[PDB]
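Take a look at the structure set out below.
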Amino acid sequence: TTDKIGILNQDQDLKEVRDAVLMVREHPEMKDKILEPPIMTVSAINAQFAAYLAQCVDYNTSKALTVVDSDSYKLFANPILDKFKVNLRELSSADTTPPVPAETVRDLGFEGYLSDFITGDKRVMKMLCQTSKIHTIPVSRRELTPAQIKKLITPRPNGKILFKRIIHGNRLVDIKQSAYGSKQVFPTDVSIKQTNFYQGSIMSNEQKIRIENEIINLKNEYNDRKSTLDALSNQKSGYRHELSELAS
Amino acid sequence: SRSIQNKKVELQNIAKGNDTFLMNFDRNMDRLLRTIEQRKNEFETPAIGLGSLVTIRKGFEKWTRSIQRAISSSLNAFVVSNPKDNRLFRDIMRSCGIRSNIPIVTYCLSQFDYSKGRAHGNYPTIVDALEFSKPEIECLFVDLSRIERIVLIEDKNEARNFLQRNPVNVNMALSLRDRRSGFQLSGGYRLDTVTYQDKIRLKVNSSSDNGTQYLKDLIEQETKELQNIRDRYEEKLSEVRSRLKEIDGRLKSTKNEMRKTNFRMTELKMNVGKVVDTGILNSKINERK
């Protein structure tokens, strides 16, 4: 869970991003010019909102560096790509204002936008709304009724849909409108990678509260057993040392 | 070893029980197929839909992995027109015991014209690279994954330049870096490295003995590419080998120093053992005094 240097040891491919952020930290002129990837700075409010941002933002942009101004991308971007194969994102001057305010969004059964459910640097979060377009995707922790889903599927009379991607509870639905034919609309409901659609239940208590934390605990118990083995061995060597002291 | 499995995925149990080439999940695909074939009587629309219905066109066997990586969202989809049939397919899948997540997308089967929105250029598109059994499935794929706006360019720089030239009715381009990963460029500035899936979800027209055997040798060259990787580190492995040689030499030097300290202790013992043992014969000097 720690969005820090420790998260870079989980995957082998993350070593390049680790070396990149390290060399960025060493260079004093690079930290203020190129900030940390959104996986480090941008953090959600809780664990439920963290999985929502991971579904929209791909794995490449989450570990990609940020280039605030276009001046550094012409002379200081080449020393990064030659040694490390990491993605680079340049901050653009595109507007980050949503088409509709948060008032009408709350009237549709949503709590708010995805940009309001994450905390971090302003320059890093600005590109998450321009690349992944999270500032135009309503996010709600409660699953909405399929009737309201079909109402949101129906586009506006002007010929443009209200939203392109909506998030109700945990199911993610992509609203795509056909540009040819009779302008037919069709939903694409995908499941965000997480446990299940529970709401404050016992959280899938088959035999233990977790499935990998039990592996962690058994590994820690093995470490405890070997530490007690080391304890008894050094106690035996100390007893032998006391015997040698009696011999002296 | 996965690449070694990529060598065995083509001739181990293909077309009968291959849980890595055709069966993307537990042994229930044929079960669900027989179930829907025998219970289509209660379905108002046939739920025959999308991986098996799409076949790779000839001359683009190297783009199959890229097409799969791009349209995996629709390769595991079905064709259902009514929400009642949606729930029916759902509970049938739950009863037949399918553990893999099978997404569903509702759509009314109807053919239309999409030639006005196809990709403009001299490069072949996914539509020309894909063979569809029915035009309805082709129209559904065009509406879902916009395959008519994606081109196929082998060179990465060429595809990047073509995307930067602002092409008409083109959103993204596919590139072939190797047989394990691919380059998916969008807009000519966003470069993303995607990994090809190990399990294939697309049918190939050529046989598994002659047309595919040539592609099997390409996988063997990928093992040599990984053999180059493991041999590139062998030069780095020589560094840690020399390092462990140096540390065992230092261990031998410390053992020699320990032996020298033992010799020093023994000679100090033999020196101090004869200090005041018997040389206290002072009778002569007492007589002298």
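Ordering of the structure tokens sets the chain letters (A, B, ...), residue numbers begin anew at 1 in every chain, and ligands are numbered from 1 in the order given.
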As a PDB file with C-alpha atoms, in the first residue's frame, please: the residues near residue A:200 (cut-off 12 Å, only C-alpha atoms, same-chain neighbours under 6 positions excluded).
ATOM      1  CA  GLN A  48     -12.130   1.966  -2.575  1.00  0.00           C
ATOM      2  CA  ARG A 141     -19.608   4.261  -4.331  1.00  0.00           C
ATOM      3  CA  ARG A 142     -23.223   3.031  -4.574  1.00  0.00           C
TER       4      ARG A 142
END
Each chain A residue no farther than 8 Å from chain B, nearest pair in Å, only C-alpha atoms, as a Markdown table:
| residue | atom | partner | partner_atom | distance |
| --- | --- | --- | --- | --- |
| A:60 | CA | B:192 | CA | 6.6 |
| A:87 | CA | B:191 | CA | 7.3 |
| A:89 | CA | B:190 | CA | 7.9 |
| A:176 | CA | B:144 | CA | 7.9 |
| A:178 | CA | B:143 | CA | 6.3 |
| A:180 | CA | B:114 | CA | 6.7 |
| A:181 | CA | B:112 | CA | 6.0 |
| A:186 | CA | B:107 | CA | 6.3 |
| A:187 | CA | B:105 | CA | 6.4 |
| A:188 | CA | B:105 | CA | 5.6 |
| A:189 | CA | B:103 | CA | 7.2 |
| A:190 | CA | B:103 | CA | 6.7 |
Polymer residues at most 8 Å from residue A:128, only C-alpha atoms, same-chain spacing of 5 or more positions, as a PDB file with C-alpha atoms, in the first residue's frame:
ATOM      1  CA  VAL A  57      -5.346   5.227 -15.783  1.00  0.00           C
ATOM      2  CA  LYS A 133     -10.138  12.208 -18.823  1.00  0.00           C
ATOM      3  CA  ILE A 134     -11.003  11.476 -15.195  1.00  0.00           C
TER       4      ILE A 134
END
If you run DSSP on the backbone, which residues of stretch 34-194 of chain A are alpha helix (DSSP H), as a ChimeraX atom specification?
-> /A:47-56,59-62,78-81,102-106,122-131,146-153
Where does DSSP see strand (DSSP E) in stretch 6-224 of chain A, if you list the residues as an MDAnalysis selection string?
-> chainID A and resid 43:44 65:67 88:90 112:113 118:119 138:140 165:168 171:177 185:191
Output N, CA and C atoms of each residue in that selection to a file, as an mmCIF file, in the first residue's frame.
data_model
loop_
_atom_site.group_PDB
_atom_site.id
_atom_site.type_symbol
_atom_site.label_atom_id
_atom_site.label_comp_id
_atom_site.auth_asym_id
_atom_site.auth_seq_id
_atom_site.Cartn_x
_atom_site.Cartn_y
_atom_site.Cartn_z
ATOM 1 N N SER A 43 -2.741 10.211 -4.641
ATOM 2 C CA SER A 43 -3.254 9.175 -3.757
ATOM 3 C C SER A 43 -4.730 9.429 -3.495
ATOM 4 N N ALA A 44 -5.516 8.357 -3.494
ATOM 5 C CA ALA A 44 -6.950 8.464 -3.282
ATOM 6 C C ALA A 44 -7.255 8.673 -1.800
ATOM 7 N N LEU A 65 6.788 9.715 -16.023
ATOM 8 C CA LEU A 65 7.176 10.997 -15.463
ATOM 9 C C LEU A 65 6.333 12.121 -16.061
ATOM 10 N N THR A 66 6.374 13.275 -15.404
ATOM 11 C CA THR A 66 5.621 14.450 -15.818
ATOM 12 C C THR A 66 6.583 15.546 -16.253
ATOM 13 N N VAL A 67 6.288 16.172 -17.388
ATOM 14 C CA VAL A 67 7.075 17.278 -17.918
ATOM 15 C C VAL A 67 6.187 18.515 -17.892
ATOM 16 N N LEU A 88 7.165 9.051 -20.924
ATOM 17 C CA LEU A 88 7.262 10.454 -20.548
ATOM 18 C C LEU A 88 6.002 11.181 -20.992
ATOM 19 N N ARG A 89 5.386 11.913 -20.067
ATOM 20 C CA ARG A 89 4.178 12.681 -20.339
ATOM 21 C C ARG A 89 4.485 14.163 -20.184
ATOM 22 N N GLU A 90 4.092 14.951 -21.180
ATOM 23 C CA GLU A 90 4.327 16.389 -21.186
ATOM 24 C C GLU A 90 3.040 17.119 -20.828
ATOM 25 N N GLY A 112 -19.389 12.411 -6.954
ATOM 26 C CA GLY A 112 -18.534 13.431 -7.525
ATOM 27 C C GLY A 112 -17.640 12.842 -8.592
ATOM 28 N N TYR A 113 -16.751 13.692 -9.095
ATOM 29 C CA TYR A 113 -15.817 13.280 -10.131
ATOM 30 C C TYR A 113 -14.625 12.549 -9.522
ATOM 31 N N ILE A 118 -9.159 12.182 -5.281
ATOM 32 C CA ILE A 118 -7.734 11.891 -5.206
ATOM 33 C C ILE A 118 -6.998 13.140 -4.743
ATOM 34 N N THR A 119 -5.927 12.927 -3.981
ATOM 35 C CA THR A 119 -5.096 14.005 -3.468
ATOM 36 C C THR A 119 -3.666 13.833 -3.960
ATOM 37 N N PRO A 138 -18.086 10.623 -13.810
ATOM 38 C CA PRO A 138 -18.648 10.616 -12.455
ATOM 39 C C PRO A 138 -18.357 9.301 -11.748
ATOM 40 N N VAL A 139 -18.077 9.395 -10.450
ATOM 41 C CA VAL A 139 -17.729 8.242 -9.629
ATOM 42 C C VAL A 139 -18.649 8.213 -8.417
ATOM 43 N N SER A 140 -19.272 7.062 -8.175
ATOM 44 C CA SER A 140 -20.154 6.875 -7.033
ATOM 45 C C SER A 140 -19.870 5.524 -6.397
ATOM 46 N N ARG A 165 -18.059 7.876 -20.040
ATOM 47 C CA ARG A 165 -17.789 6.788 -19.110
ATOM 48 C C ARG A 165 -18.391 7.139 -17.760
ATOM 49 N N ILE A 166 -19.145 6.204 -17.186
ATOM 50 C CA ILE A 166 -19.785 6.397 -15.893
ATOM 51 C C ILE A 166 -19.357 5.275 -14.960
ATOM 52 N N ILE A 167 -19.286 5.593 -13.670
ATOM 53 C CA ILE A 167 -18.878 4.646 -12.639
ATOM 54 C C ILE A 167 -19.934 4.671 -11.545
ATOM 55 N N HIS A 168 -20.692 3.584 -11.422
ATOM 56 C CA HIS A 168 -21.703 3.431 -10.383
ATOM 57 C C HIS A 168 -21.326 2.236 -9.520
ATOM 58 N N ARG A 171 -19.050 -1.353 -10.824
ATOM 59 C CA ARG A 171 -19.106 -1.683 -12.241
ATOM 60 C C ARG A 171 -18.822 -0.445 -13.084
ATOM 61 N N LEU A 172 -17.917 -0.585 -14.048
ATOM 62 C CA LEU A 172 -17.550 0.499 -14.950
ATOM 63 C C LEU A 172 -18.227 0.271 -16.296
ATOM 64 N N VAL A 173 -18.984 1.265 -16.755
ATOM 65 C CA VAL A 173 -19.729 1.186 -18.006
ATOM 66 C C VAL A 173 -19.198 2.254 -18.951
ATOM 67 N N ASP A 174 -18.831 1.839 -20.161
ATOM 68 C CA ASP A 174 -18.339 2.745 -21.192
ATOM 69 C C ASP A 174 -19.465 3.030 -22.179
ATOM 70 N N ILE A 175 -19.841 4.299 -22.297
ATOM 71 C CA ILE A 175 -20.921 4.716 -23.184
ATOM 72 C C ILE A 175 -20.308 5.098 -24.527
ATOM 73 N N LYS A 176 -20.569 4.288 -25.550
ATOM 74 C CA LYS A 176 -20.073 4.526 -26.898
ATOM 75 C C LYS A 176 -21.253 4.721 -27.838
ATOM 76 N N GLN A 177 -21.204 5.786 -28.632
ATOM 77 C CA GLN A 177 -22.254 6.110 -29.588
ATOM 78 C C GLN A 177 -21.727 5.923 -31.004
ATOM 79 N N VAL A 185 -26.740 3.271 -29.757
ATOM 80 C CA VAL A 185 -25.916 3.309 -28.554
ATOM 81 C C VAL A 185 -25.878 1.914 -27.947
ATOM 82 N N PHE A 186 -24.735 1.562 -27.356
ATOM 83 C CA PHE A 186 -24.546 0.253 -26.749
ATOM 84 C C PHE A 186 -23.620 0.405 -25.547
ATOM 85 N N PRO A 187 -23.965 -0.180 -24.403
ATOM 86 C CA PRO A 187 -23.102 -0.084 -23.225
ATOM 87 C C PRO A 187 -22.064 -1.193 -23.171
ATOM 88 N N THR A 188 -20.945 -0.876 -22.521
ATOM 89 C CA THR A 188 -19.848 -1.820 -22.316
ATOM 90 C C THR A 188 -19.523 -1.831 -20.825
ATOM 91 N N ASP A 189 -20.086 -2.796 -20.103
ATOM 92 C CA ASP A 189 -19.912 -2.892 -18.658
ATOM 93 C C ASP A 189 -18.725 -3.802 -18.360
ATOM 94 N N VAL A 190 -17.668 -3.229 -17.793
ATOM 95 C CA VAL A 190 -16.483 -3.978 -17.396
ATOM 96 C C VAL A 190 -16.368 -3.932 -15.880
ATOM 97 N N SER A 191 -15.680 -4.925 -15.324
ATOM 98 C CA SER A 191 -15.520 -5.057 -13.882
ATOM 99 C C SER A 191 -14.142 -4.561 -13.466
#
Atomic separation - atom CA of residue B:197 relative to atom CA of residue B:77, Å =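 Atom CA of residue B:197 lies at a distance of 17.0 Å from atom CA of residue B:77.
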Separation of atom CA of residue B:258 from atom CA of residue A:243, in Å and rounded to one decimal |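 Between atom CA of residue B:258 and atom CA of residue A:243 the gap works out to 23.2 Å.
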State, in Å with one decimal place, the distance from atom CA of residue B:57 to atom CA of residue B:165.
-> 28.0 Å
